[PDB]
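Colleague:
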Amino acid sequence: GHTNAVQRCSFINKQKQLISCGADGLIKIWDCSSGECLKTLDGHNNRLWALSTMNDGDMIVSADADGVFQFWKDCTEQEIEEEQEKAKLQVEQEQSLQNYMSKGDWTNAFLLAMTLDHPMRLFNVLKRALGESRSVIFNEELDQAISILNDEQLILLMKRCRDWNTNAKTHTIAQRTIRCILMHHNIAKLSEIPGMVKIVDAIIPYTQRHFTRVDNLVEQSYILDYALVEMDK
Amino acid sequence: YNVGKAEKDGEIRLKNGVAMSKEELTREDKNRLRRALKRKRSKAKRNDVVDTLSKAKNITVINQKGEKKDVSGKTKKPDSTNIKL
Amino acid sequence: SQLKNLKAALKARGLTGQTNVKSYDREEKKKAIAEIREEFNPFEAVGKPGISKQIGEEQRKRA
Amino acid sequence: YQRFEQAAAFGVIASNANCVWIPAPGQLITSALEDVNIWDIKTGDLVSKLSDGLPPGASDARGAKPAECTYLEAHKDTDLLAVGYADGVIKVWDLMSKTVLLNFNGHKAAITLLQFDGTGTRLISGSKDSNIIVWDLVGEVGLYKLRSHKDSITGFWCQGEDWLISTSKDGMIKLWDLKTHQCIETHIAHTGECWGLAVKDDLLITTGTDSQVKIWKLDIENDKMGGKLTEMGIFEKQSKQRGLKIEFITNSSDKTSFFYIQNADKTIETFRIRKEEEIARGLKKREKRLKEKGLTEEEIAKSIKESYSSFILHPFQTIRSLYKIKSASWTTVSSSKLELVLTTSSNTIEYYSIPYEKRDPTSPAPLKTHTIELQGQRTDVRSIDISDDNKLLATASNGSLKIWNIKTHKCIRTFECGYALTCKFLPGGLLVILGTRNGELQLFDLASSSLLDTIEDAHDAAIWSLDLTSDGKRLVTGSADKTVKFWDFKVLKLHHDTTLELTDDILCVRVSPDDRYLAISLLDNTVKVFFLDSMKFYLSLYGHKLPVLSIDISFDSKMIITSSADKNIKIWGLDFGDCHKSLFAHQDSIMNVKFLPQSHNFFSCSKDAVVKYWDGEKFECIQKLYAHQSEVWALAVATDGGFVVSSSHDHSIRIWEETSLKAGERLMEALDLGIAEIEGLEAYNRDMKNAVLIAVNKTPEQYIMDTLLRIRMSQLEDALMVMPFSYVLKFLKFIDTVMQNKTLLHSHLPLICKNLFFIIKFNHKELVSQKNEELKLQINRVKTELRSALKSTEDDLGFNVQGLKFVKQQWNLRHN
Amino acid sequence: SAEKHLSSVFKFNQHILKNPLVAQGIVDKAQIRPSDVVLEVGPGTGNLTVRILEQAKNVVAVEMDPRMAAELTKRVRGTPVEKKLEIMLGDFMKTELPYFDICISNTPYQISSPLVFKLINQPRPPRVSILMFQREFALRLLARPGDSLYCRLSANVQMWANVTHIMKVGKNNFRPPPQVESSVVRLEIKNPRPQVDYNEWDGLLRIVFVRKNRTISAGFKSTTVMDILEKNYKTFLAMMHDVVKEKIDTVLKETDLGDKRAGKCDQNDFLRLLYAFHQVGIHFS
RNA sequence: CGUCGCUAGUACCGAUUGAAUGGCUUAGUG
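Chains as they are written, first to last, in UniProt numbering: chain R, 573 to 707, 718 to 815; chain C, 496 to 539, 549 to 581, 586 to 593; chain H, 4 to 26, 39 to 59, 80 to 98; chain G, 5 to 28, 38 to 504, 520 to 687, 745 to 774, 791 to 917; chain F, 19 to 31, 36 to 261, 273 to 318.
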């Protein structure tokens, strides 16, 4: 696997792995049992002489012919601990979101869905929250929640509402979310957010189509006063 | 603007305008969506002689390494304890 | 019509469908092939009498 | 022909199923395959056996291999036994009734764990299908189920009906709210897979793949919406292997909490919770030691938390046993002593009693009170023979030789031996010959009940097979040594007469009933036949794809059948060495094939656990009889042929002995029901001043709207067109009640608007003629609320777009 | 996925005979017994192959052009001799070939020299092989001692087999006409194989055939001949340039071979030369 | 919209005196 000649080979991890320094300046880590390059380490731009290992290779130092000393340190357990922690947070959030939706705490559920990036839950939280509103825009607490979103969260939300708007069966929900944001943010600030305007571009044509619609459904409505006035005679 | 495929690898976005993050889908809906995709993809002179070679059974192909293999590309065709135990 | 009976008769004998399904001796399958072939040829559903002239010819090849 | 069936099965105390214990020191009920056995621990033998019925080998028996009962679980107060099978059917049993009380089949996979509630009405069922289904015996139905877990159900705990904890193979532990049927909170039991769980008082302990076992607390009334099940610390146990089962014991007078952890290795490791004031005393002592060490107060507090797990509990004992334990149970409780029962993988049940007082046990090592080995065999039976007199069955395996009487099914004589490969039994019932892999030939006499003579150097390699001449004077040996050796009895001792060289090792040897010739198998895939009188090569049998495992010789001696790992059984004609026919009988390698005496027909047994009867003349499987769950190693046939025996890796020995609404039309009906209902509701209220809707669990107006939503659009206009006026008046009443509920209107406003306009357009002349003044008010009210709704959405739309373009202009000006 | 594998072993990139008598003559001179399996090299369309199949228990055809193999397949499909034809496609010099009693080949001229020795070194070789070669290469095989075309190839092949001319084939007999004439020869491999080391026979033959018309003594005068040979003697002692010089002098003098020419020497002459060096401890290879 | 498949991965069950390493120990050398 080495592009240029290998000039140092030392065992690490007892029998399990071997590290090799190549004349490309590339330090390759291999699994002795399977003989495959597990990792390729590039900390030098020149060909190498020395490869010193300590603590069964937990500490590796490689010197460059240029005169650069580059020190690697083992962090497998450190990385594994990190991903373990994030999984613990993610599973906790997923459960709590589920509890809130069953309870109907749409505001807390709304925040969790944006963080977790769950569209259907984001659909359901807003859809049935609007229904409760039907029984300022959504409700005082959720409206406040909409106010606090950061620039990244706003862009993510607007990516949805665009995808929501095009379908006539779902444009109703998206518009009210757009209404709240324009009503609960500095409209100037929204423009500086990069990529927002191109999202703004796609909303306009579909909004006009729905505006021509509804106005026509309104237009057909005085079929009923034609009924009232006629039989009143 | 037209709705297309999901930008994020972990999501499914249909042309309907609905996005589906894989994490929140239940197992049953994951199965049918996989089946739904399956139906969509299912419907979606040298060659003339090569089929004749594959058509015939009594043809053996020799590679550069010298082994004998059939046209499809598969090799045409003991420990005492293992066999009895 | 006749096609539907063909699939059902073949399926009953195991002549159609995947063989590696998880969760009949071959020679008997051949016997089924013979029975299916003769049964679905009404000319040789059954035809009215007088359609074929095999008996007249074979009696004569004997002569 | 004459059908064959399985009469009586034996040779196995129990399968790899949990141990169920009843006091009596105690009695244990453990099951063998589908059947259930009851073994008294004091006696060491079974008091009685519980069998479902449907004997294997009968016509009514299903072809496919029967499902053994993985998990046995019992409730003393109801005196009922819940049996969980591999397929997933749960069968309720009563020990007194000797039959199935109730049959439940709702699991697609085997049942992992089970629990009767104290009331006995509800049985908690856990299966590998990742679903927990709560089953009601008195209800005869599953009231509900739990599906959140993504992996198999390793354990569950439900003392209170209100709340439930369940732990999965994946490792996530999720507390369950039963009435709402949702999981309260989710935390990972372990980074690895979690297999063991136990709840007692507030304490919760779980064990995973790694050594460390995790301690948890749960506050059932916390209601904090978080941190419901939380961990204080982890204490590292010695055994790296996990603990499948965890069971605890306390004595109220003692006020001491002991418990074991049944590991997948032989040693069961145990632990004990320390008594609180002793913990308090230990806390004071450790604080003292830290002051002499010189640690700061913050340091002093730190070390207490890290050692807090060590403060809580200590090991009272580590119990070690002779054989690997599949399951264990806490049998007896006493401050004076503890006694435990465990079922081993080697099919023997061991029971240990240990006394203790105060902190540590008096006995340095555990002591076994009783064992169950009379009916138990430690290792699978490699070779089986049937006695010539037919009243004795000879059974051979590693390090053990067992003789079983047919009628009793009980071992008359047990003989110590080596790793015996093949067993042979001389005529007249005097002697038996066993050949070991070590190279030794072991000869026993039943009357002597001991070995007569052993020749360790008889074969340097393993004696892979052995056979005798019809006269019995010559003994034919086939070994891995590549040489056939013939041993002649003299008065009694054996001496070697002649040896035959061969190119490969010998797999099997078969001497013809007529004694004319001997057949030899070898590794090169070739069978050879030698004349026995002359020891001259007669003919070969070639063409086998893989080595032949067994050779049998027909009574007429004209044909031999070679069973080989290639999975094809071939019959060969000796007169000219031709293969008359070859059949792919079994999906896996075929071990043994035996001619029925005085019959060309033969039985066959293979690794895939299928045993079949084949007719020589028809050359086809007479009968397919499937009984074993594992590889059938060997098969032997009686001299008369009345009964045939087979042995499988399960350790079980079986004896086989022959005996329409159109679109719109549905809208019409749905409209009548709801409008009839809403008219009633209004009717009832004025007075104060159906079944389907209940099952629908929706409002009477909501039910119709689903129907309307259900109607396809293309047929919708015709559905309204066919609709008579009298129903149209009803349909106007429907809208008004829907319009009263503002939430439902906006959800489905666009569809409602189009339908209303079509009806009024399509019945405008009918509408105007009607003189109902009330009809005015209905049309007036729907109008005013409809306008507000349509205007609202329009105003929101116009509001958004106008500002929406304003943003575009501002961004342009900034960048332009 | 037939295209997947056949394209990995071939890229899918010849003078064809049109004289029926030579094909009939070739099969006729084969004298095929009914119980003989024939290895046929260069089946081409199958004009020779079909005739062999009629009189043969089995025929194994080896082909280099996947084009031409299929035409063989199409010609024989649904015929009584279909069961008796096995087509091996690809290079056959590297593969260990099966047992065969006769070899009939319209051999590719590029592999003519490797082919003749593959049969000879084939364990239990074919009893008779009718091979079609060019005049230049064939005349070397048939060349007799003392002739102009007598060479190392003649000396090597003649002692492991006997080669005899059958017929001459003119360049007009093929199209597009090759620039060289063609011929048919019969090769009869000796059974038993004459028990002489394959390497030793080549070793002696080569050093003396560097200049066939020059004296054998001169062929050993080259400095490298002494060096390669001297170490070979050091091998004999392990299990001295002047000594090996003297030893060579005695051998050529005693055998009276030092003054003759390799182009005018017979099998016996080399064998005697081969011995006289073995006696004095010199082994060539 | 379903059932059974095929591919990738995770673990599980016991047979292959499974094999190979190391800790201690019997006995014989040292």
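Built from N, CA and C at the ideal position, the CB exists for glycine as well.
1) So with CB distances below 8 Å, who are the chain C contacts of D113/F?
2) Roughly how many whole angstroms lie between the Cα atoms of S359/G and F14/G?
3) Is the beta carbon of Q254/G closer than 8 Å to that of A277/G?
4) Quick one: Cα of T263/G to Cα of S729/R, how far?
5) Start and end of the beta strand (DSSP E) containing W182/F?
6) How long is the line joining the alpha carbons of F695/R and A685/R, rounded to whole angstroms?
7) Please tell me whether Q10/G and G66/G are closer than 8 Å, where the distance is taken between their beta carbons.
8) Would you say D819/G lies against chain C (beta-carbon separation less than 8 Å)?
9) Please report how far the alpha carbon of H194/G lies from the alpha carbon of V113/G, in whole angstroms.
10) List the DSSP bridge partners of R580/R.
11) By the 9 Å beta-carbon criterion, what residues does the region 837 to 864 of chain G contribute toward chain R?
12) Tell me which same chain residues have a C-beta within less than 6 Å of the C-beta of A756/R, skipping the five on either side of it?
13) Taking Cβ-Cβ distances shorter than 7 Å, what residues in chain R pair up with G512/C?
14) Have a look at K498/G, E529/G, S591/G and flag the residue whose alpha-carbon is nearest the alpha-carbon of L522/G.
15) Closer than 9 Å by beta-carbon distance: list the chain C residues that pair up with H690/R, in chain order.
16) What is the rounded straight-line gap between the Cα of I54/G and the Cα of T408/G?
17) Looking at chain G, which residues of the region 667 to 696 of chain R have a Cβ within less than 8 Å of any of its Cβ atoms?
18) Mind checking which residues open and close the alpha helix (DSSP H) that includes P27/G?
19) Can you name the start and end residues of the beta strand (DSSP E) that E506/C belongs to?
20) Pop quiz: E655/R and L688/R are said to be a contact at Cβ under 8 Å. What is the actual Cβ separation, rounded to whole angstroms?
21) Name the chain C residues that come within less than 9 Å of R89/F, Cβ to Cβ?
22) For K234/F, does the three-state DSSP call read helix, strand or coil?
23) Using a cut-off of 7 Å between C-beta atoms, extract the partners of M110/F located in chain C.
24) Looking only at DSSP bridge pairs, what is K877/G linked to?
25) Between residue 544/C and chain F, is there a C-beta pair that is closer than 8 Å?
26) Going by DSSP, what residue range makes up the beta strand (DSSP E) through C536/G?
27) Would you identify the three-state DSSP class for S4/H, choosing helix, strand or coil?
28) Taking only three categories from DSSP, how would you classify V72/F?
29) I'd like to know if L522/G contacts chain C, where contact means its C-beta is closer than 8 Å to some C-beta of that chain.
30) What does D53/G pair with, by DSSP beta-bridge criteria?
31) Residues of chain G with a CB under 9 Å from the CB of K660/R: which are they?
32) Name the residue from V284/F, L164/F, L251/F whose alpha carbon lies nearest to the alpha carbon of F317/F.
33) In this structure, what does DSSP give as the bridge partners for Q195/G?
34) Can you round the beta-carbon distance between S270/G and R285/G to whole angstroms, since I take them to be within the 8 Å contact cut?
35) Give me the chain G residues within the contact set of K592/C, using Cβ-Cβ distance strictly less than 7 Å, ordered along the chain.
36) Can you tell me whether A560/C is helix, strand or coil according to DSSP?
Modeller: So, from the listed chains and residues:
1) Position 91 of the fifth sequence, counted from the first residue, corresponds to residue 113/F. Within 8 Å Cβ-Cβ: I566, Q568, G570.
2) Counted from its first residue, the fourth sequence places residue 359/G at position 346. Counted from its first residue, the fourth sequence places residue 14/G at position 10. Roughly 15 Å between the two C-alpha positions.
3) Position 264 of the fourth sequence, counted from the first residue, corresponds to residue 277/G. Position 241 of the fourth sequence, counted from the first residue, corresponds to residue 254/G. Closer than 8 Å, so yes.
4) Position 250 of the fourth sequence holds residue 263/G. Position 147 of the first sequence holds residue 729/R. Going from the Cα of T263/G to the Cα of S729/R covers about 57 Å.
5) On the fifth sequence, residue 182/F is found 160 positions in, with the first residue counted as 1. Careful: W182/F lies outside any beta strand (DSSP E), inside the alpha helix (DSSP H) at 174 to 182.
6) Counted from its first residue, the first sequence places residue 695/R at position 123. Counted from its first residue, the first sequence places residue 685/R at position 113. Each residue's CA atom was taken as its position, placing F695/R and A685/R some 10 Å apart.
7) Stepping through the fourth sequence from its first residue, residue 10/G is reached at position 6. Stepping through the fourth sequence from its first residue, residue 66/G is reached at position 53. No. Outside cutoff.
8) In the fourth sequence, counting from the first residue as 1, residue 819/G sits at position 718. Not a single C-beta of chain C is nearer than 8 Å to the C-beta of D819/G.
9) Stepping through the fourth sequence from its first residue, residue 194/G is reached at position 181. Stepping through the fourth sequence from its first residue, residue 113/G is reached at position 100. Between the C-alpha atoms of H194/G and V113/G there is a straight-line separation of about 30 Å.
10) The residue you call residue 580/R lines up with position 8 of the first sequence. DSSP lists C593/R as partners of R580/R.
11) Closer than 9 Å at the C-beta level to chain R, one finds these residues of the region 837 to 864 of chain G: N842, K843, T844, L845, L846, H847, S848, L850, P851, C854, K855, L857, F858, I861, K862.
12) Here residue 756/R refers to the residue found at position 174 of the first sequence. Result list for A756/R: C743, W746, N747, in chain order.
13) Position 17 of the second sequence, counted from the start, is the residue given in the question as residue 512/C. Around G512/C, the beta-carbon contacts reaching into chain R at under 7 Å are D745, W746, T748, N749, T752.
14) By 1-based counting over the fourth sequence, the position of residue 522/G is 494. Closest option to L522/G, Cα to Cα, is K498/G.
15) Within the first sequence, the letter at position 118 stands for residue 690/R. Here the neighbours are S516, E518, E519.
16) For this step, residue 54/G is matched to residue 41 along the fourth sequence. For this step, residue 408/G is matched to residue 395 along the fourth sequence. The alpha-carbon atoms of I54/G and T408/G are separated by roughly 25 Å.
17) So the close ones are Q667, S668, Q670, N671, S674.
18) One-based indexing of the fourth sequence puts residue 27/G at position 23. Counting along the chain, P27/G sits inside no alpha helix (DSSP H); it lies in the beta strand (DSSP E) bounded by residues 24 to 27.
19) For this step, residue 506/C is matched to residue 11 along the second sequence. Per DSSP, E506/C is one residue of the beta strand (DSSP E) stretching across 506 to 508.
20) Along the first sequence, read from residue 1 onward, the residue named residue 655/R stands at position 83. Along the first sequence, read from residue 1 onward, the residue named residue 688/R stands at position 116. Contact between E655/R and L688/R does not hold, since their C-beta atoms are separated by about 17 Å, which reaches or exceeds 8 Å.
21) Residue numbering aside, residue 89/F sits at position 67 when the fifth sequence is read from its first letter. What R89/F touches in chain C: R550, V553.
22) To locate residue 234/F, count along the fifth sequence from 1; it is residue 212. Coil at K234/F, not helix or strand.
23) On the fifth sequence, position 88 is the one that residue 110/F refers to. Near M110/F (Cβ distances below 7 Å), the residues of chain C are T564, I566.
24) If you number the fourth sequence from 1, residue 877/G lands on position 776. When beta bridges are read from the DSSP output, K877/G appears opposite no residue.
25) Here chain C is numbered 539 followed immediately by 549, so the structure offers no position for residue 544/C.
26) Along the fourth sequence, one-based indexing puts residue 536/G at 508. The continuous beta strand (DSSP E) containing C536/G extends over residues 534 to 539.
27) Taking the first residue of the third sequence as 1, we reach residue 4/H at position 1. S4/H: coil per DSSP, three-state reduction.
28) Residue numbering aside, residue 72/F sits at position 50 when the fifth sequence is read from its first letter. In the structure shown, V72/F adopts helical secondary structure according to DSSP, grouped into three states.
29) For the purposes of this step, residue 522/G is taken as residue 494 along the fourth sequence, with counting starting at 1. No, because no Cβ of chain C sits closer than 8 Å to the Cβ of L522/G.
30) Your numbering for residue 53/G matches position 40 in the fourth sequence. Answer by DSSP bridge pairing, in chain order: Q40/G.
31) On the first sequence, position 88 is the one that residue 660/R refers to. Under the 9 Å cutoff, chain G gives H200, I201.
32) Numbered from its first residue, the fifth sequence carries residue 317/F at position 284. Comparing Cα-Cα distances from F317/F to each of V284/F, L164/F, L251/F, the minimum goes to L251/F.
33) Taking the fourth sequence and counting its residues from 1, the one referred to as residue 195/G is at position 182. In the DSSP assignment, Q195/G is bridged to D190/G.
34) Translated into the one-based positions of the fourth sequence, residue 270/G becomes position 257. Translated into the one-based positions of the fourth sequence, residue 285/G becomes position 272. Contact flag correct, Cβ pair sits at about 7 Å.
35) Counted from its first residue, the second sequence places residue 592/C at position 84. In chain order: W477, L535, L577.
36) Translated into positions along the second sequence, residue 560/C becomes position 56. In the three-state scheme derived from DSSP, where H, G and I count as helix and E and B as strand, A560/C is classed as coil.
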